[PDB]
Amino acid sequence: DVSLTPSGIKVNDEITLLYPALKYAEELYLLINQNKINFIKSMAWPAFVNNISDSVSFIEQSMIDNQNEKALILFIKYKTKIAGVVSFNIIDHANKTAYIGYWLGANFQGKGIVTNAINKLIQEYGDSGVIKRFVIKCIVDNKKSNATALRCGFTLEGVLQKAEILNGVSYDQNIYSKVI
C-alpha cells in the first residue's frame, strides 16, 4: 500500500496525515494560537495552550501514545501547511474500537479535509480488520462536528447525558458509530 509512507498516510493529492514529530511544534503552536478564541468554544484544552512548550509537550505525549498504540494522533497536512489534527484519541484493542477526534484551523474549514481524513482512516484500519467499531462523540450543539460525523456515514446511537465538560459546565453528547 503506497499510501502508507514513513512520514504518514497519504489521503489524496493534497492531504497527508503526518506522524507527529518535534519539527512540527512551532507550526502547530502558531495554528492553535491563531484559532484559540474560536476553539475554546468547543474544546477544553485550547484555553491552556500558551507557549510553544505546550505544543512540544503535546507532541512528546502523542509520540509515546502512538508508539504504544494507546492512541493514533496525526497532524493533517493540506498542501504545504499543517491544517489541524485527526486522531483515534482512544484505541480499545480488546474490543476493536477506536474513538475519533478532530479539529481544523478556520482557514482550512469548508474543504472536506476531515471527512476525507476519516474516510481514509476507516478504510485503512476498518477494511483491514484492526478496528471493527469507530466512534464519534460530540456535544449536541456542535453543529459542524455533528455534520462531519453524518457526512462520514456514521449512525447516531443515542445521547450521552452531561458527558462532556467545558469550563465547569457539563454538556450532552451525541454518540455516533460506524461498524465494519
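We number the residues from 1 along the sequence you see.
Visitor: If you average the CA temperature factors as listed in the entry, which stretch comes out higher, 124-132 or 107-115?
Guide: Result of the comparison: 124-132.
Visitor: How does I82 rank on Cα B-factor within its chain, lowest, middle or highest third?
Guide: It belongs to the middle third of the chain when residues are ordered by C-alpha B-factor.
Visitor: What third of its chain's C-alpha B-factors does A71 belong to: lowest, middle or highest?
Guide: Middle third by C-alpha B-factor.
Visitor: C-alpha B factor of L22, ranked within the chain: lowest, middle or highest third?
Guide: Ranked within chain, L22 CA B lands in the highest tercile.
Visitor: What third of its chain's C-alpha B-factors does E164 belong to: lowest, middle or highest?
Guide: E164: CA B-factor falls in the lowest third of its chain.
Visitor: What third of the chain does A47 rank in for C-alpha temperature factor, lowest, middle or highest?
Guide: Middle third - that is where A47 ends up once the chain's C-alpha B-factors are sorted.
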